[PDB]
Amino acid sequence: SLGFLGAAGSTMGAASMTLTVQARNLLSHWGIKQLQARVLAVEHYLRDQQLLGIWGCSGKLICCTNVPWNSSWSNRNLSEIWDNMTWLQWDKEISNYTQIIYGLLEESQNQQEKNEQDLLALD
Amino acid sequence: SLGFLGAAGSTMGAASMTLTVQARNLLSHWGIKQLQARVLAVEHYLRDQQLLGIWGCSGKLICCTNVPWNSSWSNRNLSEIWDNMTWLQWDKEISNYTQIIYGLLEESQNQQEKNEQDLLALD
Amino acid sequence: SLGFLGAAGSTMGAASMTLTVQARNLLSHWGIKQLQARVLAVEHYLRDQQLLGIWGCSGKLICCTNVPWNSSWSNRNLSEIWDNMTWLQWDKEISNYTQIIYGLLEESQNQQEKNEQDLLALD
Amino acid sequence: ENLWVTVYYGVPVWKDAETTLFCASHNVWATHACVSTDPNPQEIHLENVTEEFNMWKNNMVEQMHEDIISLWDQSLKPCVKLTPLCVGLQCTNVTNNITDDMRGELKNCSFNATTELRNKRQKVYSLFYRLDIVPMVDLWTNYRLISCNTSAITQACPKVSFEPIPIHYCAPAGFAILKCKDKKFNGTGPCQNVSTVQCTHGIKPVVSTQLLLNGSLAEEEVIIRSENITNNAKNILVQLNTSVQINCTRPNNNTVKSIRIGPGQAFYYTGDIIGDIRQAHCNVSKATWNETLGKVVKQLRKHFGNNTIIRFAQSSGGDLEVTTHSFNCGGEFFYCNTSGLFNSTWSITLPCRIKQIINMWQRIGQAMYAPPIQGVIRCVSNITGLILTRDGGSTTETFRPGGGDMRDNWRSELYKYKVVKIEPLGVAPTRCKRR
Amino acid sequence: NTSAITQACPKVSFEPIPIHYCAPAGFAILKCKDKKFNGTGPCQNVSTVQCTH
Ligand SMILES: *[C@@H]1O[C@H](CO)[C@@H](O[C@@H]2O[C@H](CO)[C@@H](O[C@@H]3O[C@H](CO[C@H]4O[C@H](CO)[C@@H](O)[C@H](O)[C@@H]4O)[C@@H](O)[C@H](O[C@H]4O[C@H](CO)[C@@H](O)[C@H](O)[C@@H]4O)[C@@H]3O)[C@H](O)[C@H]2NC(C)=O)[C@H](O)[C@H]1NC(C)=O
Ligand SMILES: *[C@@H]1O[C@H](CO)[C@@H](O[C@@H]2O[C@H](CO)[C@@H](O)[C@H](O)[C@H]2NC(C)=O)[C@H](O)[C@H]1NC(C)=O
Ligand SMILES: *[C@@H]1O[C@H](CO)[C@@H](O[C@@H]2O[C@H](CO)[C@@H](O)[C@H](O)[C@H]2NC(C)=O)[C@H](O)[C@H]1NC(C)=O
Ligand SMILES: *[C@@H]1O[C@H](CO)[C@@H](O[C@@H]2O[C@H](CO)[C@@H](O)[C@H](O)[C@H]2NC(C)=O)[C@H](O)[C@H]1NC(C)=O
Ligand SMILES: *[C@@H]1O[C@H](CO)[C@@H](O)[C@H](O)[C@H]1NC(C)=O
Ligand SMILES: *[C@@H]1O[C@H](CO)[C@@H](O)[C@H](O)[C@H]1NC(C)=O
Ligand SMILES: *[C@@H]1O[C@H](CO)[C@@H](O)[C@H](O)[C@H]1NC(C)=O
Ligand SMILES: *[C@@H]1O[C@H](CO)[C@@H](O)[C@H](O)[C@H]1NC(C)=O
Ligand SMILES: *[C@@H]1O[C@H](CO)[C@@H](O)[C@H](O)[C@H]1NC(C)=O
Ligand SMILES: *[C@@H]1O[C@H](CO)[C@@H](O)[C@H](O)[C@H]1NC(C)=O
Ligand SMILES: *[C@@H]1O[C@H](CO)[C@@H](O)[C@H](O)[C@H]1NC(C)=O
Ligand SMILES: *[C@@H]1O[C@H](CO)[C@@H](O)[C@H](O)[C@H]1NC(C)=O
Ligand SMILES: *[C@@H]1O[C@H](CO)[C@@H](O)[C@H](O)[C@H]1NC(C)=O
Ligand SMILES: *[C@@H]1O[C@H](CO)[C@@H](O)[C@H](O)[C@H]1NC(C)=O
Ligand SMILES: *[C@@H]1O[C@H](CO)[C@@H](O)[C@H](O)[C@H]1NC(C)=O
Ligand SMILES: *[C@@H]1O[C@H](CO)[C@@H](O)[C@H](O)[C@H]1NC(C)=O
Ligand SMILES: *[C@@H]1O[C@H](CO)[C@@H](O)[C@H](O)[C@H]1NC(C)=O
Ligand SMILES: *[C@@H]1O[C@H](CO)[C@@H](O)[C@H](O)[C@H]1NC(C)=O
Ligand SMILES: *[C@@H]1O[C@H](CO)[C@@H](O)[C@H](O)[C@H]1NC(C)=O
Ligand SMILES: *[C@@H]1O[C@H](CO)[C@@H](O)[C@H](O)[C@H]1NC(C)=O
Ligand SMILES: *[C@@H]1O[C@H](CO)[C@@H](O)[C@H](O)[C@H]1NC(C)=O
Ligand SMILES: *[C@@H]1O[C@H](CO)[C@@H](O)[C@H](O)[C@H]1NC(C)=O
C-alpha cells in the first residue's frame, strides 16, 4: 500500500510483503533513445527472469532453496537481519558475495534437476 | 485446428480448448516503425506473463486459483456461462470487475506464498 | 566449466550437465542495426520460453513429459544416443521429426492441463 | 541456526546508474520528440531512506545539455540559409532621432540580394546592429556580416518559438528518479527526506548567463552551491528564496519587411523603426536587489568568515556572450550590462545590446540569424538564482558574475534529482528450505 | 515563386505496386466478407487475417 519502493526504508521483514508493489514497475533521431531505453528495460527484466529460471525459482517471488547459509557471508542472526535492517543495508553488507551465492544456487538446481529426472525414471 | 481465432465465436467451453493456438501467435526511418511494433508486441507479452507470475500462474494456460467468485461480478450459473456464451460476451460482461479480480488474485498469491514459506520452515 | 560451447563435441550425456552454461549466454544506421540485433535475440528467447511453457516445461532446463518415443523417429538405444554420440549428430538425425514431436508435446500438455483442472475441481 | 538462502524478487533496493532518459511534455522543444506527460504526480516519500547526492556528477545534466543542443540543431536545420546574403553592405548612419547611447549602434545598410530567379537581383535596405556587421574595404561597400568569414548563417524558421517550455525527463521502466526534498540542501552529500518519482517536475530549458531566469526558488533561505568553494576556478550557483523581478524591454516599434532570396526561400529584416530610437534596457528594483545581495553575502560569510568584507564587481572581460547577461526575450537576444547590479561592498536600469547573428554555444562553425520581431518587446521575468565566480585574489573576497557554460544553468535545476537502477533480486538467510 | 522544384529520378517508376498491410504480433486484422456492406455497422461474417490484400 506504500507504492513503488515505499518499503525501501522499512525493515527487511516488512519490505518482504511488498514485492508485488514494485515488481509490476519493472516493465512499465529521438526515436532511438526511447526505443533503446525500452529494449534495455526488457533485457534487464529478462536477465533477472532467466536467472530465476536457472535457480528453479521461475514464477515465484519468495523462492526457498537448498543452499545453506555458511555464516561467513554475514554472521548476523535472523532477528537483526529481518527486524533491525533494511534491504539497502543488507545488499551493501553482502554485495561482495552475491556472485558466490548465485553460483551455488545454479549448482544446486543442476543437481536437483538430475535428481528429479532420476526419481522420475523409476517405475 | 480451427485457426488463430477460429474459436472466437464458439462457446467458452469450446474455445478454452484452443488456448495454445492463440498463445503461439502472440510473439510472431522505417526501421523505427518496425522496431517499435516489435518492441510493443514484446512489452505486451511480458506484461501478461509478469501478471501471471504475480498470481502464481506462470507456465500455465488454465490456472486454478483460490479466489472465490463473487455473485456480484456475474450471477450467471456455471452451465449458462460455459455452454451458452462466447468469450467476447463474457469479456464485455466482466469488464468492469476485471481490475478488482486482478487485485484479489495478487493478494491471494501474496498470502499463499508466505504460507508456503512457513510450511517449508517447519523442521 | 568447459565454456559456452565447450561441451559441443562431448557426448549427449556429458553435455547435459552444462545446460546452464549455454542458457545463461542467450540474452547477453547503427542504432537500428543494434536494436534489430537486440530485438531479434529477445524474440528468439521468448519464442523458446513460450514454447517450453506451452509444453508445461516453464522454468526448467530438463523436462520430462508423457509423450512416448516413437521408434520411427529414431530406433537407436540409450547406449547409442547418450554415449557414443553428440548433440549435433542427434540434431542432424532429429530434423524431419522435430515438428511432429513439438505438436505431440503441445497436445500432451493440453490434455494434462484439462486433467489437472478436472482433478482439482473434485471436492 | 541452520539458515538457508532464500531468493527474493522485487526487493526495494537500487544502485547508482547512468541510463538514457526520455523527455515528456511551433517550438524548438517537445515538437514530436517528447512523450505526452502522465498527469498523475505519483511521488512516493521514502521514510528513513538517506541517499547521497552529488549535483556535479549528475549525468542528467549531460543528457539535458545534449538534448537541448540536438533539438536546437534539428529545429534550425530545415530552415532558410543566408549564404546568398554574404555580400558587402553599403552602410550609413540611421537618419531617425538617435539618443546619446545609440550613436553608431544601429546602421542603415543596403545590398544587392538575390531574388526568386537566379538571373535577377534586387536592392534591399535594412537596419543592422553594429554588432552584426564588421568593416570591410571594397568598391561601393563599407561592411559585411560578422559571421560570413567563419561559417554559414542560417535563418531561424519563422513562427518557430524559442520560448522555453517545461520539459520532464522521465526514466524507463526498471529505473527510478529519486528527489531530495530537503530544505536548504547543500547540493551534495546525504539527503534524509528522499522520495521516489517517475520523473521531474518540468524543467524549462531557459538559456541565460550570469543571472538565472525563470527557475526554481529556495524553500526558505538563499543556498550557495559550489563543487569546491575553496577553489576559485569553480562557479558558485546561488539559489534565491525569493524572486527578483526584472523587466526587460526594447521600446522601438520595428517595421519588419521580407524578401525572397531563392525558390521557396525568405529573408526577414528590419525595414524601419517607428518612433525614436532608444537603447534596450532592463529595470531591476533597487530595494529588492539590495536585499537580495544582503542575503547572498549573509550566506557567503558562513564559508568565507563572519568578519570578512564581501565585494561585488562586474565581469573581468572576454566575449560579449559571457561578459554580459545574455537572454531570450520575445524571440530577440538581449546582452545586458550587469555592472549596475554587482558594484558594491558589504530602480536600477541596465543598458542592453541586441544582436541578431549569434552563436548559441562556445562551439565555432555554426551561426544563426534571429529574425527581427515586429513591434515593441517587453518581458517580465523572475531572477531565481545567480552564477558567481570568486576572484583569485589577503582578505576581502571579490565576486563577479560568472560565465555561460550552460551546465550551470541546468544544475540550478536537476540538483535534487538522481537516477538509480532498480535491482529486484536479492538473497537473505531464512529458515525456509525446499522439501 | 513559392516552392522548390525537384526533378523526379528518371529511374524510379511511379507505377502503383500492390501493398499488403500487416499487423504486428499481438494484433490481428479482421476482414468483413458481407456482400453489399455499406462501410459501417455490424458485419455478420468476419474472418481474421495477418495481412491485407
Ligand atoms: C519567463 O517567463 C515569462 C512567462 O512566465 C516569459 O514571458 C512570456 O514570454 C512569452 C514569449 O515571449 C510571451 O508570449 C507572447 O505574448 C505576446 C502578447 O500576448 C498578449 O496577447 C495575447 C493575445 O492573444 C494574450 O493571449 C496574452 O495573454 C497577452 O495578453 C504574444 O503576442 C506572443 O505571440 C506572438 O509571438 C509568438 C512568438 O513565439 C508567436 O508564436 C505568435 O504567433 C505571435 O506572433 C506570445 O504569445 C508571454 O506573454 C510572456 N509572459 C508575460 C507574463 O509577459 C519570459 O519571457 C520568460 N523569460 C525567459 C528569459 O525565458
Ligand atoms: C456456430 O453456430 C452453429 C450453430 O448456429 C454451430 O454449429 C452447430 O450448432 C449446433 C447447435 O445445437 C450444435 O449442436 C452442433 O454441434 C454445431 N455444429 C458443429 C459442427 O459443432 C457452430 O459450431 C458454431 N461455430 C463455432 C465456431 O463454434
Ligand atoms: C535608409 O536609407 C534609405 C535610402 O536612403 C532610406 O529610404 C529612402 O528614404 C527616403 C526618405 O528619406 C524615401 O524618399 C525613399 O523613397 C526611400 N528609398 C528607399 C529605396 O526605400 C531609408 O528611409 C533609410 N532609413 C532610415 C531609418 O534612415
Ligand atoms: C558595462 O558598463 C560599465 C560601466 O559603463 C563598463 O565599465 C567601464 O569599462 C571601461 C572599459 O574600458 C572602463 O574604462 C571604464 O572605466 C569602466 N567604467 C566604470 C564605471 O567602471 C563595462 O565595460 C561595460 N561592460 C560591457 C560588457 O559592456
Ligand atoms: C521509519 O521509521 C519509523 C521508526 O519509528 C517507523 O515507525 C516507520 O514505519 C519507518 N518507515 C517505513 C516506511 O518503514
Ligand atoms: C543477535 O545478535 C546480537 C549481537 O549481534 C544480539 O544482541 C542479539 O540478542 C541476537 N539475537 C538473537 C535472537 O539471537
Ligand atoms: C462481493 O462483493 C461485495 C461488494 O459489496 C462485498 O460486500 C462482498 O463481501 C464480496 N464477496 C466476496 C465473497 O468476495
Ligand atoms: C442457469 O440460468 C438460466 C437462466 O435462464 C436457467 O434457465 C438455467 O436453467 C440455469 N441453469 C442451472 C444449471 O442452474
Ligand atoms: C460498466 O460501467 C458503466 C458505467 O457507465 C456502465 O454503463 C456499464 O454498463 C457497466 N458494465 C457492466 C458490464 O456492468
Ligand atoms: C573428446 O574425446 C576424448 C576421447 O577421444 C574425450 O576424452 C574428451 O573428453 C572429449 N572431449 C570433450 C570436450 O567431450
Ligand atoms: C510412429 O510413426 C509412424 C510414422 O509412419 C506412424 O505410422 C506410427 O503410427 C507412429 N507410432 C506411434 C506409436 O505413434
Ligand atoms: C544399441 O544398438 C547397437 C547397434 O549396433 C548395439 O550394438 C548395442 O549393443 C545396443 N545397445 C543396447 C544396450 O542394447
Ligand atoms: C528428411 O527428408 C529429406 C527429404 O529429401 C531426406 O533426404 C532426409 O534424409 C530426411 N532426414 C532424415 C533424418 O531422415
Ligand atoms: C555616424 O555616427 C557616428 C557616431 O560616433 C559618428 O562618429 C559618425 O561621424 C556619423 N557619421 C555620419 C555620416 O553622420
Ligand atoms: C575572420 O575569421 C578569422 C578566423 O576565424 C578570425 O580570426 C578573424 O578575426 C575574423 N575576422 C574579423 C574581422 O573578425
Ligand atoms: C515569479 O514569482 C512569483 C512569486 O509569487 C510567481 O507567482 C510568478 O509566477 C513567477 N514568475 C515567473 C515568470 O516565473
Ligand atoms: C556543502 O557545500 C560546501 C560548499 O557550499 C562544501 O564545502 C561541503 O563539502 C559540502 N558538503 C557538506 C556535507 O557540507
Ligand atoms: C579545493 O581546492 C583546493 C585548491 O587548493 C584543494 O586544495 C582542495 O583539496 C579542494 N577540495 C576539494 C574537496 O576538492
Ligand atoms: C525603467 O525605469 C525608467 C526610470 O526612468 C523608466 O522611465 C522606464 O520606463 C522603465 N522601464 C521599464 C521597462 O520598466
Ligand atoms: C543597501 O545597500 C547599501 C550598500 O552600501 C547597504 O549599506 C545597505 O545596508 C543596504 N540596505 C538594505 C539591504 O536595506
Ligand atoms: C560603483 O559605484 C560607485 C559609487 O559607489 C561609482 O562611483 C562607480 O562608478 C560604480 N561602478 C560601476 C562599474 O558602475
Ligand atoms: C507600430 O506602428 C504601426 C504603424 O502602423 C502600428 O500599427 C503598430 O501598432 C505599432 N506598434 C507598436 C507596438 O507601437
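Residues numbered from 1 in each chain as written, not as in the entry; some residues may be left out. Chains lettered and ligands numbered in written order. Part of a larger assembly, values for the part shown. Heavy atoms only, no water.

- The PDB entry annotates chain D as Envelope glycoprotein gp120 originating from Human immunodeficiency virus 1.

- As annotated in the PDB entry, chain A is Transmembrane protein gp41 from Human immunodeficiency virus 1.

**Things to note about the state of the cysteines**
All names here are of chain D.
- Summed over the entire model, instances satisfying the criterion amount to 15 disulfides over all chains.
- With its sulfur 2.0 Å from that of its partner, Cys-248 forms a disulfide with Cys-282. Around the S-S axis, the bridge from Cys-248 to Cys-282 shows a dihedral of about 110 degrees and counts as right-handed. Here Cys-282 lies in strand β20 (residues 280-284) and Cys-248 lies in strand β18 (residues 235-259), a separation of 34 residues in the sequence. (Disulfide = S-S within 2.5 Å. Helix = DSSP H or I, 4+ residues; strand = E, 2+ residues; numbered from the N terminus.)

**Considerations on the sheet that holds strand β2 (residues 14-16) of chain D**
All names here are of chain D.
- Spatially, the five strands line up as an open sheet ordered β2-β30-β13-β15-β4, and their pairing is antiparallel. Because the sheet does not close on itself, it has two edges, and the strands there are β2 and β4 (44-45).
- Direction of pairing for β2 relative to strand β30 (residues 417-422): antiparallel, over a ladder of three bridges. When the bridges of β30 are listed, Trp-14 appears paired with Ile-422. (Pairing = 2+ DSSP bridges.)

**Looking at the relation of the copies chain A and chain B**
- Once chain A has been moved 0.0 Å along the axis and rotated by 120 degrees, it coincides with chain B to within an RMSD of 0.3 Å. Such a combination of turn and shift is consistent with a three-fold rotation axis. (Least-squares fit on C-alpha atoms.)

**Quick word on the packing of aromatic side chains**
- If you walk through the whole model with that rule in mind, you get 27 aromatic pairs over all chains.
- Measuring from centroid to centroid gives 5.2 Å for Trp-69 of chain C and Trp-73 of chain C, while their planes differ by 90 degrees, and the two rings are edge-to-face.
- Arranged with centres 5.3 Å apart and planes meeting at 70 degrees, the rings of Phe-304 of chain D and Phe-399 of chain D form a pair that is edge-to-face.
- Look at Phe-304 of chain D and you get buried, because its relative accessible area is 18%. (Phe/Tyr/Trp six-rings, centres within 6.5 Å; stacked < 30°, edge-to-face > 60°. Buried < 20%, exposed > 50% of the residue type's maximum accessible area, 1.4 Å probe, protein only.)

**Description of helix α3 (residues 30-54) of chain C**
- Its 25 residues place the ends of α3 of chain C 36 Å apart at the C-alpha level, agreeing with the 36 Å of an ideal helix rising 1.5 Å per residue.
- Next to the buried residues of α3 of chain C lie α3 (30-54) of chain A, α2 (19-23) and α3 (30-54) of chain B together with α6 (98-120) of chain C.
- In the segment just after α3 of chain C, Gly-56 of chain C is the residue with positive phi, at about 80 degrees. (Expected span 1.5 Å × (residues − 1). Contact = heavy atoms within 4.5 Å.)

**Here's the deal with the interface of chain A and chain B**
- Contact residues are listed per partner, giving 22 residues for chain A and 19 residues for chain B.
- For the pairing of chain A and chain B, the buried interface totals around 1,900 Å² over both sides, and the portion due to carbon and sulfur atoms is 62%.
- Our count for the chain A to chain B interface comes out at two salt bridges.
- In this structure, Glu-43 of chain B engages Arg-38 of chain A in a salt bridge whose closest nitrogen and oxygen atoms are separated by 2.6 Å. (Buried area = accessible area lost by both parts, 1.4 Å probe. Salt bridge = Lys/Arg side-chain N within 4 Å of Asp/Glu carboxyl O.)

**Details of the pattern of salt bridges**
- Evaluated as defined, the whole model comprises 34 salt bridges over all chains.
- A salt bridge links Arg-76 of chain C to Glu-80 of chain C; its shortest N-O distance comes to 3.4 Å.
- The exposure class of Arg-76 of chain C is partly exposed, given its relative accessible area of 28%.
- Classification of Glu-80 of chain C by relative accessible area gives partly exposed; the value is 33%.
- Close ionic contact of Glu-221 of chain D with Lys-184 of chain D constitutes a salt bridge, the shortest N to O distance being 2.7 Å. Of this pair, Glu-221 of chain D sits in the loop between β16 (211-213) and β17 (223-226) while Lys-184 of chain D sits in the loop between β13 (175-180) and β14 (188-191), and the two are 37 residues apart along the sequence.
- Given the relative accessible area of 42%, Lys-184 of chain D is considered partly exposed.
- One network of salt bridges, in which partners are shared, links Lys-183, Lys-184, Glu-220 and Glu-221 of chain D.

**Side note on the interface of chain A and chain D**
- The interface is formed by 59 residues belonging to chain A together with 46 residues belonging to chain D.
- Summed over both sides, the interface between chain A and chain D buries roughly 4,900 Å², with carbon and sulfur atoms accounting for 66% of that surface.
- Sorting the residues of chain A by area buried against chain D places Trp-30, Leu-78 and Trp-87 of chain A first, and these three jointly supply 13% of that buried surface.
- Counting across the chain A and chain D interface gives two salt bridges.
- Notably, a salt bridge pairs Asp-91 of chain A with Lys-15 of chain D, separated by 2.7 Å at the nearest N-O pair.
- Linking chain A with chain D are 17 residue pairs in polar contact, by the criterion used here.
- Secondary structure elements with two or more residues in the side of chain A that touches chain D: α1 (12-15), α2 (19-23), α3, β1 (62-68), α4 (78-83), α5 (87-93) and α6 (98-120) of chain A.
- Considering each element in turn, the side of chain A that touches chain D owes the most residues, 11 residues, to α3 of chain A.
- Its residues assigned to classes, the side of chain A that touches chain D comprises 38 nonpolar, 17 polar and four charged.
- Looking at chain direction, β1 of chain A and strand β1 (residues 4-9) of chain D are connected through four bridges and run antiparallel. (Polar contact = N/O pair within 3.5 Å; in protein donor to acceptor, adjacent residues only side chain to side chain. Nonpolar A, V, L, I, M, F, W, Y, C, P; charged D, E, K, R; others polar.)

**Topic: the site of ligand 9**
Residue and element names in this part refer to chain B.
- Around ligand 9 lies a shell formed by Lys-92, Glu-93 and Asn-96.
- A distance of 2.3 Å separates an oxygen atom of ligand 9 from a polar atom in the side chain of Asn-96.
- For ligand 9, the accessible surface in isolation is 360 Å², of which the surrounding protein chains cover 29%. (Near = heavy atom within 4 Å. Areas by Shrake-Rupley, 256 points an atom, 1.4 Å probe, with all protein chains shown as cover.)

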